[PDB]
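Text of the file work-v7.pdb, holding PDB, C-alpha atoms (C1' of nucleotides) and all ligand atoms:
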ATOM      1  CA  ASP Q 134     -45.221  41.940   1.298  1.00  0.00           C
ATOM      2  CA  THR Q 135     -42.366  40.508  -0.772  1.00  0.00           C
ATOM      3  CA  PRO Q 136     -43.023  37.122  -2.471  1.00  0.00           C
ATOM      4  CA  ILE Q 137     -40.993  34.055  -1.494  1.00  0.00           C
ATOM      5  CA  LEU Q 138     -39.868  31.150  -3.601  1.00  0.00           C
ATOM      6  CA  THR Q 139     -38.695  28.213  -1.499  1.00  0.00           C
ATOM      7  CA  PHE Q 140     -35.861  25.874  -2.477  1.00  0.00           C
ATOM      8  CA  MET Q 141     -35.155  22.798  -0.348  1.00  0.00           C
ATOM      9  CA  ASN Q 142     -31.412  22.405  -0.742  1.00  0.00           C
ATOM     10  CA  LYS Q 143     -29.082  19.489   0.058  1.00  0.00           C
ATOM     11  CA  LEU Q 144     -31.066  16.440  -1.146  1.00  0.00           C
ATOM     12  CA  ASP Q 145     -27.678  14.815  -1.636  1.00  0.00           C
ATOM     13  CA  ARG Q 146     -27.722  14.672   2.167  1.00  0.00           C
ATOM     14  CA  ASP Q 147     -29.741  12.463   4.490  1.00  0.00           C
ATOM     15  CA  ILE Q 148     -32.551  14.879   5.365  1.00  0.00           C
ATOM     16  CA  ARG Q 149     -35.792  15.141   7.319  1.00  0.00           C
ATOM     17  CA  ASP Q 150     -39.222  14.016   6.109  1.00  0.00           C
ATOM     18  CA  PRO Q 151     -40.189  16.533   3.397  1.00  0.00           C
ATOM     19  CA  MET Q 152     -43.688  16.316   4.821  1.00  0.00           C
ATOM     20  CA  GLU Q 153     -42.377  17.506   8.175  1.00  0.00           C
ATOM     21  CA  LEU Q 154     -40.341  20.092   6.281  1.00  0.00           C
ATOM     22  CA  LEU Q 155     -43.574  21.518   4.909  1.00  0.00           C
ATOM     23  CA  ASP Q 156     -45.028  21.763   8.420  1.00  0.00           C
ATOM     24  CA  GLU Q 157     -42.025  23.656   9.732  1.00  0.00           C
ATOM     25  CA  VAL Q 158     -42.326  26.099   6.823  1.00  0.00           C
ATOM     26  CA  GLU Q 159     -46.059  26.701   7.207  1.00  0.00           C
ATOM     27  CA  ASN Q 160     -46.147  26.651  11.008  1.00  0.00           C
ATOM     28  CA  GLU Q 161     -43.003  28.597  11.892  1.00  0.00           C
ATOM     29  CA  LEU Q 162     -42.836  30.924   8.887  1.00  0.00           C
ATOM     30  CA  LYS Q 163     -46.575  31.568   8.752  1.00  0.00           C
ATOM     31  CA  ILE Q 164     -46.798  30.947   4.982  1.00  0.00           C
ATOM     32  CA  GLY Q 165     -48.541  28.358   2.782  1.00  0.00           C
ATOM     33  CA  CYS Q 166     -46.627  25.628   0.994  1.00  0.00           C
ATOM     34  CA  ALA Q 167     -47.263  24.706  -2.608  1.00  0.00           C
ATOM     35  CA  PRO Q 168     -44.996  21.855  -3.745  1.00  0.00           C
ATOM     36  CA  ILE Q 169     -43.952  22.058  -7.389  1.00  0.00           C
ATOM     37  CA  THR Q 170     -41.457  19.201  -7.340  1.00  0.00           C
ATOM     38  CA  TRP Q 171     -41.039  16.349  -4.904  1.00  0.00           C
ATOM     39  CA  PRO Q 172     -37.912  14.407  -4.002  1.00  0.00           C
ATOM     40  CA  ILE Q 173     -37.653  10.712  -4.697  1.00  0.00           C
ATOM     41  CA  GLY Q 174     -35.409   9.309  -1.997  1.00  0.00           C
ATOM     42  CA  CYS Q 175     -32.726  11.280  -0.200  1.00  0.00           C
ATOM     43  CA  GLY Q 176     -29.051  10.928   0.556  1.00  0.00           C
ATOM     44  CA  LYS Q 177     -27.514   7.880  -1.057  1.00  0.00           C
ATOM     45  CA  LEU Q 178     -31.021   7.170  -2.373  1.00  0.00           C
ATOM     46  CA  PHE Q 179     -31.739  10.522  -4.032  1.00  0.00           C
ATOM     47  CA  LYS Q 180     -32.981   9.528  -7.482  1.00  0.00           C
ATOM     48  CA  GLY Q 181     -34.412  12.848  -8.606  1.00  0.00           C
ATOM     49  CA  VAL Q 182     -37.618  14.857  -8.408  1.00  0.00           C
ATOM     50  CA  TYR Q 183     -41.120  14.280  -9.705  1.00  0.00           C
ATOM     51  CA  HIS Q 184     -42.662  17.426 -11.074  1.00  0.00           C
ATOM     52  CA  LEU Q 185     -46.268  17.701  -9.834  1.00  0.00           C
ATOM     53  CA  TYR Q 186     -47.609  20.032 -12.508  1.00  0.00           C
ATOM     54  CA  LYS Q 187     -45.684  18.838 -15.554  1.00  0.00           C
ATOM     55  CA  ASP Q 188     -46.359  15.238 -14.460  1.00  0.00           C
ATOM     56  CA  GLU Q 189     -42.924  13.831 -15.235  1.00  0.00           C
ATOM     57  CA  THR Q 190     -39.782  12.706 -13.483  1.00  0.00           C
ATOM     58  CA  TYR Q 191     -36.371  14.266 -13.892  1.00  0.00           C
ATOM     59  CA  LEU Q 192     -33.644  11.772 -13.028  1.00  0.00           C
ATOM     60  CA  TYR Q 193     -30.681  12.801 -10.886  1.00  0.00           C
ATOM     61  CA  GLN Q 194     -27.185  11.758 -11.897  1.00  0.00           C
ATOM     62  CA  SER Q 195     -24.465  11.733  -9.261  1.00  0.00           C
ATOM     63  CA  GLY Q 196     -21.633  14.250  -9.366  1.00  0.00           C
ATOM     64  CA  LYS Q 197     -22.253  16.336 -12.447  1.00  0.00           C
ATOM     65  CA  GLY Q 198     -22.474  19.427 -10.250  1.00  0.00           C
ATOM     66  CA  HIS Q 199     -19.886  21.354 -12.231  1.00  0.00           C
ATOM     67  CA  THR Q 200     -21.896  21.504 -15.424  1.00  0.00           C
ATOM     68  CA  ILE Q 201     -25.525  20.866 -16.261  1.00  0.00           C
ATOM     69  CA  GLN Q 202     -26.375  17.156 -16.373  1.00  0.00           C
ATOM     70  CA  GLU Q 203     -28.253  15.394 -19.152  1.00  0.00           C
ATOM     71  CA  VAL Q 204     -31.951  16.108 -18.764  1.00  0.00           C
ATOM     72  CA  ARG Q 205     -33.360  12.587 -18.426  1.00  0.00           C
ATOM     73  CA  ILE Q 206     -37.169  12.483 -18.056  1.00  0.00           C
ATOM     74  CA  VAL Q 207     -39.574   9.634 -17.247  1.00  0.00           C
ATOM     75  CA  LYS Q 208     -43.014  10.738 -18.402  1.00  0.00           C
ATOM     76  CA  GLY Q 209     -45.814   9.096 -16.423  1.00  0.00           C
ATOM     77  CA  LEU Q 210     -46.340   9.101 -12.660  1.00  0.00           C
ATOM     78  CA  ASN Q 211     -47.554   5.537 -13.132  1.00  0.00           C
ATOM     79  CA  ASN Q 212     -45.172   4.883 -16.000  1.00  0.00           C
ATOM     80  CA  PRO Q 213     -43.633   1.451 -15.317  1.00  0.00           C
ATOM     81  CA  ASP Q 214     -40.325   2.968 -16.391  1.00  0.00           C
ATOM     82  CA  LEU Q 215     -40.343   5.103 -13.241  1.00  0.00           C
ATOM     83  CA  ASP Q 216     -40.428   1.820 -11.392  1.00  0.00           C
ATOM     84  CA  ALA Q 217     -37.578   0.498 -13.534  1.00  0.00           C
ATOM     85  CA  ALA Q 218     -35.474   3.644 -13.312  1.00  0.00           C
ATOM     86  CA  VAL Q 219     -36.068   4.286  -9.616  1.00  0.00           C
ATOM     87  CA  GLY Q 220     -36.928   0.849  -8.223  1.00  0.00           C
ATOM     88  CA  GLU Q 221     -40.569  -0.070  -7.706  1.00  0.00           C
ATOM     89  CA  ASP Q 222     -40.145   0.271  -3.948  1.00  0.00           C
ATOM     90  CA  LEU Q 223     -39.107   3.936  -4.041  1.00  0.00           C
ATOM     91  CA  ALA Q 224     -41.600   4.444  -6.857  1.00  0.00           C
ATOM     92  CA  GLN Q 225     -44.539   3.531  -4.640  1.00  0.00           C
ATOM     93  CA  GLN Q 226     -43.383   5.722  -1.775  1.00  0.00           C
ATOM     94  CA  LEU Q 227     -43.428   8.544  -4.301  1.00  0.00           C
ATOM     95  CA  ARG Q 228     -46.990   7.577  -5.127  1.00  0.00           C
ATOM     96  CA  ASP Q 229     -47.959   7.241  -1.457  1.00  0.00           C
ATOM     97  CA  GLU Q 230     -46.433  10.530  -0.343  1.00  0.00           C
ATOM     98  CA  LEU Q 231     -48.022  12.281  -3.306  1.00  0.00           C
ATOM     99  CA  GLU Q 232     -51.405  11.079  -2.081  1.00  0.00           C
ATOM    100  CA  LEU Q 233     -50.856  12.580   1.365  1.00  0.00           C
ATOM    101  CA  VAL Q 234     -49.347  15.722  -0.162  1.00  0.00           C
ATOM    102  CA  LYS Q 235     -52.528  16.443  -2.118  1.00  0.00           C
ATOM    103  CA  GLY Q 236     -54.660  16.230   1.028  1.00  0.00           C
ATOM    104  CA  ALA Q 237     -52.446  18.488   3.142  1.00  0.00           C
ATOM    105  CA  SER Q 238     -50.903  21.040   0.795  1.00  0.00           C
ATOM    106  CA  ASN Q 239     -51.773  23.677  -1.801  1.00  0.00           C
ATOM    107  CA  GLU Q 240     -52.051  24.239  -5.541  1.00  0.00           C
ATOM    108  CA  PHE Q 241     -49.707  26.940  -6.697  1.00  0.00           C
ATOM    109  CA  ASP Q 242     -51.709  30.113  -7.151  1.00  0.00           C
ATOM    110  CA  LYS Q 243     -49.905  33.006  -8.815  1.00  0.00           C
ATOM    111  CA  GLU Q 244     -52.071  35.612  -7.072  1.00  0.00           C
ATOM    112  CA  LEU Q 245     -51.424  34.312  -3.557  1.00  0.00           C
ATOM    113  CA  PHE Q 246     -47.715  34.001  -4.346  1.00  0.00           C
ATOM    114  CA  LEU Q 247     -47.529  37.634  -5.374  1.00  0.00           C
ATOM    115  CA  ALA Q 248     -49.436  38.460  -2.199  1.00  0.00           C
ATOM    116  CA  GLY Q 249     -46.863  36.577  -0.125  1.00  0.00           C
ATOM    117  CA  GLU Q 250     -49.271  33.953   1.184  1.00  0.00           C
ATOM    118  CA  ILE Q 251     -48.015  30.784  -0.496  1.00  0.00           C
ATOM    119  CA  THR Q 252     -44.514  29.730  -1.507  1.00  0.00           C
ATOM    120  CA  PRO Q 253     -43.733  27.499  -4.445  1.00  0.00           C
ATOM    121  CA  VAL Q 254     -41.510  24.836  -2.895  1.00  0.00           C
ATOM    122  CA  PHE Q 255     -38.833  23.286  -5.066  1.00  0.00           C
ATOM    123  CA  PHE Q 256     -36.778  20.339  -3.833  1.00  0.00           C
ATOM    124  CA  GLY Q 257     -33.264  19.928  -5.188  1.00  0.00           C
ATOM    125  CA  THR Q 258     -29.526  20.139  -4.630  1.00  0.00           C
ATOM    126  CA  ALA Q 259     -27.473  23.190  -5.529  1.00  0.00           C
ATOM    127  CA  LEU Q 260     -24.332  21.099  -5.244  1.00  0.00           C
ATOM    128  CA  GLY Q 261     -25.416  18.411  -7.705  1.00  0.00           C
ATOM    129  CA  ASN Q 262     -26.778  21.224  -9.871  1.00  0.00           C
ATOM    130  CA  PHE Q 263     -30.155  19.527  -9.887  1.00  0.00           C
ATOM    131  CA  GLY Q 264     -33.412  21.390  -9.284  1.00  0.00           C
ATOM    132  CA  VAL Q 265     -31.900  24.822  -9.959  1.00  0.00           C
TER     133      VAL Q 265
ATOM    134  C1'   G A   1      39.344   3.409   7.806  1.00  0.00           C
ATOM    135  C1'   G A   2      39.316   1.858  13.853  1.00  0.00           C
ATOM    136  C1'   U A   3      42.359  -0.692  16.877  1.00  0.00           C
ATOM    137  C1'   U A   4      47.395  -4.653  20.553  1.00  0.00           C
ATOM    138  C1'   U A   5      54.028  -4.357  16.465  1.00  0.00           C
ATOM    139  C1'   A A   6      58.403  -2.030  14.358  1.00  0.00           C
ATOM    140  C1'   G A   7      59.281   4.951  12.468  1.00  0.00           C
ATOM    141  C1'   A A   8      58.210  10.034  14.273  1.00  0.00           C
ATOM    142  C1'   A A   9      56.209  14.195  17.332  1.00  0.00           C
ATOM    143  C1'   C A  10      52.930  16.793  21.193  1.00  0.00           C
ATOM    144  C1'   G A  11      50.908  17.053  25.928  1.00  0.00           C
ATOM    145  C1'   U A  12      51.759  14.347  30.224  1.00  0.00           C
ATOM    146  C1'   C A  13      54.805  10.888  33.691  1.00  0.00           C
ATOM    147  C1'   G A  14      59.693   9.357  34.897  1.00  0.00           C
ATOM    148  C1'   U A  15      66.741  11.341  36.827  1.00  0.00           C
ATOM    149  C1'   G A  16      66.362   7.656  32.929  1.00  0.00           C
ATOM    150  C1'   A A  17      65.550   3.437  29.652  1.00  0.00           C
ATOM    151  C1'   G A  18      60.712   4.006  28.703  1.00  0.00           C
ATOM    152  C1'   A A  19      55.433   4.783  29.601  1.00  0.00           C
ATOM    153  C1'   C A  20      49.716   6.981  28.881  1.00  0.00           C
ATOM    154  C1'   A A  21      42.321   2.734  28.736  1.00  0.00           C
ATOM    155  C1'   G A  22      45.881  10.450  25.990  1.00  0.00           C
ATOM    156  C1'   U A  23      46.492  12.523  21.038  1.00  0.00           C
ATOM    157  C1'   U A  24      49.097  12.911  16.228  1.00  0.00           C
ATOM    158  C1'   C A  25      51.465  11.465  10.756  1.00  0.00           C
ATOM    159  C1'   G A  26      53.161   6.393   8.523  1.00  0.00           C
ATOM    160  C1'   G A  27      52.697   1.492   8.210  1.00  0.00           C
ATOM    161  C1'   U A  28      52.694  -6.539   3.674  1.00  0.00           C
ATOM    162  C1'   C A  29      45.195  -9.279   4.833  1.00  0.00           C
ATOM    163  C1'   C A  30      48.081 -16.311   1.949  1.00  0.00           C
ATOM    164  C1'   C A  31      45.237 -20.739   0.369  1.00  0.00           C
ATOM    165  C1'   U A  32      44.700 -24.574  -7.017  1.00  0.00           C
ATOM    166  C1'   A A  33      38.269 -27.138  -2.324  1.00  0.00           C
ATOM    167  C1'   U A  34      39.361 -33.970  -0.680  1.00  0.00           C
ATOM    168  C1'   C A  35      34.798 -34.456   2.392  1.00  0.00           C
ATOM    169  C1'   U A  36      29.842 -32.018   4.030  1.00  0.00           C
ATOM    170  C1'   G A  37      26.762 -28.349   2.151  1.00  0.00           C
ATOM    171  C1'   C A  38      24.779 -25.705  -2.027  1.00  0.00           C
ATOM    172  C1'   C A  39      24.003 -24.052  -7.739  1.00  0.00           C
ATOM    173  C1'   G A  40      24.081 -26.126 -12.303  1.00  0.00           C
ATOM    174  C1'   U A  41      24.851 -30.440 -15.452  1.00  0.00           C
ATOM    175  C1'   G A  42      25.755 -35.469 -17.331  1.00  0.00           C
ATOM    176  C1'   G A  43      26.758 -41.053 -16.889  1.00  0.00           C
ATOM    177  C1'   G A  44      24.872 -45.879 -14.815  1.00  0.00           C
ATOM    178  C1'   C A  45      21.307 -49.189 -13.405  1.00  0.00           C
ATOM    179  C1'   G A  46      16.432 -49.907 -11.963  1.00  0.00           C
ATOM    180  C1'   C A  47      11.261 -49.833 -12.998  1.00  0.00           C
ATOM    181  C1'   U A  48      10.583 -57.859 -15.190  1.00  0.00           C
ATOM    182  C1'   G A  49      10.102 -58.810 -23.770  1.00  0.00           C
ATOM    183  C1'   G A  50      12.066 -54.632 -26.324  1.00  0.00           C
ATOM    184  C1'   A A  51      10.962 -49.813 -28.063  1.00  0.00           C
ATOM    185  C1'   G A  52       8.639 -44.389 -29.833  1.00  0.00           C
ATOM    186  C1'   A A  53       5.667 -40.910 -27.947  1.00  0.00           C
ATOM    187  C1'   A A  54       1.706 -38.061 -25.114  1.00  0.00           C
ATOM    188  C1'   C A  55       0.549 -38.149 -19.964  1.00  0.00           C
ATOM    189  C1'   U A  56      -1.484 -38.474 -14.602  1.00  0.00           C
ATOM    190  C1'   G A  57       0.291 -36.065 -10.388  1.00  0.00           C
ATOM    191  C1'   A A  58       2.217 -38.024  -4.853  1.00  0.00           C
ATOM    192  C1'   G A  59       5.245 -34.112  -3.691  1.00  0.00           C
ATOM    193  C1'   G A  60       8.661 -29.831  -4.047  1.00  0.00           C
ATOM    194  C1'   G A  61       9.812 -24.729  -5.240  1.00  0.00           C
ATOM    195  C1'   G A  62       8.456 -19.785  -6.990  1.00  0.00           C
ATOM    196  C1'   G A  63       5.212 -15.877  -6.092  1.00  0.00           C
ATOM    197  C1'   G A  64       2.551 -13.059  -2.031  1.00  0.00           C
ATOM    198  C1'   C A  65       4.855  -5.312  -1.180  1.00  0.00           C
ATOM    199  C1'   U A  66       2.408  -1.055  -1.634  1.00  0.00           C
ATOM    200  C1'   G A  67       1.269   4.986  -2.867  1.00  0.00           C
ATOM    201  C1'   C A  68      -1.701   8.376  -5.159  1.00  0.00           C
ATOM    202  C1'   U A  69      -6.119   9.483  -7.932  1.00  0.00           C
ATOM    203  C1'   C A  70     -11.296   8.934  -9.378  1.00  0.00           C
ATOM    204  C1'   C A  71     -16.578   6.714  -8.639  1.00  0.00           C
ATOM    205  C1'   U A  72     -19.584   6.039  -4.336  1.00  0.00           C
ATOM    206  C1'   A A  73     -19.105  11.479  -2.540  1.00  0.00           C
ATOM    207  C1'   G A  74     -17.315  16.237  -0.358  1.00  0.00           C
ATOM    208  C1'   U A  75     -22.432  11.300   0.919  1.00  0.00           C
ATOM    209  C1'   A A  76     -22.493   8.748   6.343  1.00  0.00           C
ATOM    210  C1'   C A  77     -20.501  11.404  10.711  1.00  0.00           C
ATOM    211  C1'   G A  78     -20.263  16.720  12.067  1.00  0.00           C
ATOM    212  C1'   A A  79     -22.473  23.292  14.669  1.00  0.00           C
ATOM    213  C1'   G A  80     -18.451  23.809  11.727  1.00  0.00           C
ATOM    214  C1'   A A  81     -13.814  22.837  10.203  1.00  0.00           C
TER     215        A A  81
HETATM  216 MG    MG F   1     -26.287  14.599   8.852  1.00  0.00          MG
HETATM  217 MG    MG F   2      50.339  -0.313  16.152  1.00  0.00          MG
HETATM  218 MG    MG F   3      57.702   3.922  18.412  1.00  0.00          MG
HETATM  219 MG    MG F   4      46.543   4.002  31.008  1.00  0.00          MG
HETATM  220 MG    MG F   5      33.279 -34.743   5.903  1.00  0.00          MG
HETATM  221 MG    MG F   6       2.804 -24.155  -2.395  1.00  0.00          MG
HETATM  222 MG    MG F   7       7.163 -20.617  -0.761  1.00  0.00          MG
HETATM  223 MG    MG F   8      -1.220 -18.155   0.535  1.00  0.00          MG
HETATM  224 MG    MG F   9     -18.432  18.548  17.184  1.00  0.00          MG
END
Write out the structure in this file as structure tokens.
Ligand SMILES: [Mg+2]
Ligand SMILES: [Mg+2]
Ligand SMILES: [Mg+2]
Ligand SMILES: [Mg+2]
Ligand SMILES: [Mg+2]
Ligand SMILES: [Mg+2]
Ligand SMILES: [Mg+2]
Ligand SMILES: [Mg+2]
Ligand SMILES: [Mg+2]
Amino acid sequence: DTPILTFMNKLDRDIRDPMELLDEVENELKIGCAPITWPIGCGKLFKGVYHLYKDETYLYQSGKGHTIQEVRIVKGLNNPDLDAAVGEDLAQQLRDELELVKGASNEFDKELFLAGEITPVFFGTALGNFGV
RNA sequence: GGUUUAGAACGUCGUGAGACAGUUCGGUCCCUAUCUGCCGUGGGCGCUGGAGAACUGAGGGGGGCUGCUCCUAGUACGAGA
């Protein structure tokens, strides 16, 4: 009955739909998904992750994987600086996906996590040292 | 330096002088450029009164190589490497 944290590695790479990634984790691993962060773009378009519970956006910088990059936050989820820093196009897809996410996922519950029934899912990149 | 002169020897051929597209050691490389051409550099005259400058630019030449590293990114691609 050991608890599981989930880390979605390799956001530097062109990946699958993180929605679909949640299905594969719930369906095939028989365990609930509770997103904590959410990727904004992937591959050449990875811009960072929006934290769902802190409501802010940590901005990914390319190739600082050897040390820890400068923590660069954009506060609001509708902050027009998220549009400026990420492009308003990608910024809306963040907003859209987040809508769908809330209707098909889970709030992180500490009790169910310790019971091994939901996993806190973090999206990141261990190579870029971002999300760790 | 090689190799078609003259010296000398070996093998080889020839009775021999010699000979071998066999080898071996030695062994004189001239020219003050008239013309053409070319690199530079002046003189003359022209250009329509003479002169001092600053120009335009028809055209002509020069130039034109490329390694490695880093960012993108160990991303696309790839099961990996
Ligand atoms: Mg791929
Ligand atoms: Mg001779
Ligand atoms: Mg002789
Ligand atoms: Mg003969
Ligand atoms: Mg002549
Ligand atoms: Mg030219
Ligand atoms: Mg030329
Ligand atoms: Mg040209
Ligand atoms: Mg293959």
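From atom CA of residue 190 of chain Q back to atom CA of residue 207 of chain Q, the distance works out to 4.9 Å.
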Next on the checklist: Should the cut-off be 8 Å, what would the residue list for chain Q against chain A look like, counting only C-alpha atoms (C1' of nucleotides), as a ChimeraX atom specification?
Outcome noted: /Q:145-146,176-177,196
Checklist entry - By how many Å are atom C1' of residue 37 of chain A and atom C1' of residue 63 of chain A apart? => result 26.2 Å
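Across the model, the gap from atom CA of residue 169 of chain Q to atom CA of residue 137 of chain Q is 13.7 Å.
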Item to check | Within-12 Å shell of (-43.6, 7.6, -10.3) in input frame, all atoms listed in the file, as a PyMOL selection string | outcome: chain Q and resi 171-174+180-185+188-192+206-232
Next on the checklist: Which residues are near ligand MG 6 (chain F) - at most 10 Å, using all atoms listed in the file? Format: as number ranges by chain.
Outcome noted: A: 60-63
Next on the checklist: 10 Å from ligand MG 5 (chain F) is the threshold here; counting only C-alpha atoms (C1' of nucleotides) and all ligand atoms, which polymer residues fall inside it? Answer as a ChimeraX atom specification.
Outcome noted: /A:34-37
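What the PyMOL selection byres (((chain Q and resi 243) around 12) and not hetatm) grabs from this file is residues 136, 137, 138, 167, 239, 240, 241, 242, 244, 245, 246, 247, 248, 249, 250, 251, 252 and 253 of chain Q.
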Next on the checklist: Taking the file as I've supplied it (selection: the PyMOL selection byres (((not hetatm)) within 10 of (chain F and resi 9))), which residues are included? Please answer as a PyMOL selection string.
Outcome noted: chain A and resi 77-81
Item to check | Selection within 10 Å of ligand MG 2 (chain F) by only C-alpha atoms (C1' of nucleotides) and all ligand atoms, output as an NGL selection string | outcome: :A and (3-6 or 27)
Would you please take segment 24-35 of chain A of the structure in the block above and write N, CA, C and O atoms (P, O5', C5', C4', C3', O3' and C1' of nucleotides) to a file as a PDB file, in the first residue's frame?
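Listed below is the output, part_37.pdb:
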ATOM      1  P     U A  24      73.387   1.672 -61.293  1.00  0.00           P
ATOM      2  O5'   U A  24      74.953   1.622 -61.025  1.00  0.00           O
ATOM      3  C5'   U A  24      75.456   1.042 -59.838  1.00  0.00           C
ATOM      4  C4'   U A  24      76.956   1.004 -59.834  1.00  0.00           C
ATOM      5  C3'   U A  24      77.659   2.341 -59.866  1.00  0.00           C
ATOM      6  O3'   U A  24      77.656   3.000 -58.614  1.00  0.00           O
ATOM      7  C1'   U A  24      78.685   0.904 -61.394  1.00  0.00           C
ATOM      8  P     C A  25      77.208   4.542 -58.500  1.00  0.00           P
ATOM      9  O5'   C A  25      78.577   5.335 -58.629  1.00  0.00           O
ATOM     10  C5'   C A  25      79.447   5.457 -57.525  1.00  0.00           C
ATOM     11  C4'   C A  25      80.808   5.923 -57.950  1.00  0.00           C
ATOM     12  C3'   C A  25      80.853   7.228 -58.706  1.00  0.00           C
ATOM     13  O3'   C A  25      80.665   8.373 -57.902  1.00  0.00           O
ATOM     14  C1'   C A  25      82.182   5.697 -59.833  1.00  0.00           C
ATOM     15  P     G A  26      79.930   9.653 -58.523  1.00  0.00           P
ATOM     16  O5'   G A  26      80.975  10.178 -59.597  1.00  0.00           O
ATOM     17  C5'   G A  26      82.297  10.506 -59.212  1.00  0.00           C
ATOM     18  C4'   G A  26      83.088  11.070 -60.359  1.00  0.00           C
ATOM     19  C3'   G A  26      82.423  12.165 -61.164  1.00  0.00           C
ATOM     20  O3'   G A  26      82.434  13.430 -60.509  1.00  0.00           O
ATOM     21  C1'   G A  26      83.423  10.619 -62.630  1.00  0.00           C
ATOM     22  P     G A  27      81.172  14.425 -60.639  1.00  0.00           P
ATOM     23  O5'   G A  27      81.298  14.984 -62.126  1.00  0.00           O
ATOM     24  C5'   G A  27      82.443  15.723 -62.537  1.00  0.00           C
ATOM     25  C4'   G A  27      82.627  15.693 -64.038  1.00  0.00           C
ATOM     26  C3'   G A  27      81.492  16.270 -64.869  1.00  0.00           C
ATOM     27  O3'   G A  27      81.523  17.684 -64.927  1.00  0.00           O
ATOM     28  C1'   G A  27      82.125  14.195 -65.770  1.00  0.00           C
ATOM     29  P     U A  28      80.175  18.538 -65.117  1.00  0.00           P
ATOM     30  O5'   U A  28      80.731  19.908 -65.673  1.00  0.00           O
ATOM     31  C5'   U A  28      80.248  20.456 -66.885  1.00  0.00           C
ATOM     32  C4'   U A  28      80.644  21.897 -66.996  1.00  0.00           C
ATOM     33  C3'   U A  28      79.693  22.785 -67.787  1.00  0.00           C
ATOM     34  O3'   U A  28      79.670  24.069 -67.184  1.00  0.00           O
ATOM     35  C1'   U A  28      81.851  22.943 -68.682  1.00  0.00           C
ATOM     36  P     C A  29      78.421  24.528 -66.310  1.00  0.00           P
ATOM     37  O5'   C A  29      77.255  24.593 -67.383  1.00  0.00           O
ATOM     38  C5'   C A  29      77.283  25.558 -68.420  1.00  0.00           C
ATOM     39  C4'   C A  29      75.913  25.798 -69.001  1.00  0.00           C
ATOM     40  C3'   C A  29      74.932  26.569 -68.111  1.00  0.00           C
ATOM     41  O3'   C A  29      74.234  27.527 -68.895  1.00  0.00           O
ATOM     42  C1'   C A  29      73.948  24.558 -68.844  1.00  0.00           C
ATOM     43  P     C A  30      74.121  29.030 -68.383  1.00  0.00           P
ATOM     44  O5'   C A  30      74.728  29.853 -69.593  1.00  0.00           O
ATOM     45  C5'   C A  30      76.106  30.206 -69.580  1.00  0.00           C
ATOM     46  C4'   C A  30      76.484  31.097 -70.732  1.00  0.00           C
ATOM     47  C3'   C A  30      75.562  32.269 -71.004  1.00  0.00           C
ATOM     48  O3'   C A  30      75.825  33.365 -70.151  1.00  0.00           O
ATOM     49  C1'   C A  30      76.112  31.183 -73.030  1.00  0.00           C
ATOM     50  P     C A  31      74.627  34.149 -69.434  1.00  0.00           P
ATOM     51  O5'   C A  31      74.072  35.079 -70.600  1.00  0.00           O
ATOM     52  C5'   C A  31      74.902  36.027 -71.239  1.00  0.00           C
ATOM     53  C4'   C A  31      74.299  36.470 -72.537  1.00  0.00           C
ATOM     54  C3'   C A  31      72.929  37.126 -72.447  1.00  0.00           C
ATOM     55  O3'   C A  31      73.010  38.508 -72.151  1.00  0.00           O
ATOM     56  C1'   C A  31      73.030  35.563 -74.256  1.00  0.00           C
ATOM     57  P     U A  32      72.293  39.112 -70.854  1.00  0.00           P
ATOM     58  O5'   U A  32      72.958  40.544 -70.731  1.00  0.00           O
ATOM     59  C5'   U A  32      72.390  41.559 -69.921  1.00  0.00           C
ATOM     60  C4'   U A  32      72.347  42.863 -70.661  1.00  0.00           C
ATOM     61  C3'   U A  32      71.713  42.779 -72.053  1.00  0.00           C
ATOM     62  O3'   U A  32      71.035  44.000 -72.345  1.00  0.00           O
ATOM     63  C1'   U A  32      73.879  43.612 -72.242  1.00  0.00           C
ATOM     64  P     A A  33      69.622  44.338 -71.665  1.00  0.00           P
ATOM     65  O5'   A A  33      68.596  44.068 -72.825  1.00  0.00           O
ATOM     66  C5'   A A  33      69.025  43.909 -74.156  1.00  0.00           C
ATOM     67  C4'   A A  33      67.849  43.863 -75.081  1.00  0.00           C
ATOM     68  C3'   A A  33      66.661  44.720 -74.659  1.00  0.00           C
ATOM     69  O3'   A A  33      66.051  45.276 -75.821  1.00  0.00           O
ATOM     70  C1'   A A  33      66.010  42.431 -74.819  1.00  0.00           C
ATOM     71  P     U A  34      66.183  46.843 -76.138  1.00  0.00           P
ATOM     72  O5'   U A  34      66.397  46.848 -77.711  1.00  0.00           O
ATOM     73  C5'   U A  34      66.172  48.023 -78.475  1.00  0.00           C
ATOM     74  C4'   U A  34      65.517  47.709 -79.792  1.00  0.00           C
ATOM     75  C3'   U A  34      64.057  47.296 -79.724  1.00  0.00           C
ATOM     76  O3'   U A  34      63.177  48.397 -79.673  1.00  0.00           O
ATOM     77  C1'   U A  34      65.242  45.747 -81.062  1.00  0.00           C
ATOM     78  P     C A  35      61.804  48.281 -78.848  1.00  0.00           P
ATOM     79  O5'   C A  35      60.965  47.251 -79.714  1.00  0.00           O
ATOM     80  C5'   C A  35      60.412  47.657 -80.949  1.00  0.00           C
ATOM     81  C4'   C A  35      59.752  46.517 -81.660  1.00  0.00           C
ATOM     82  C3'   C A  35      58.592  45.873 -80.942  1.00  0.00           C
ATOM     83  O3'   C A  35      57.407  46.632 -81.006  1.00  0.00           O
ATOM     84  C1'   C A  35      59.991  44.198 -81.782  1.00  0.00           C
TER      85        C A  35
END
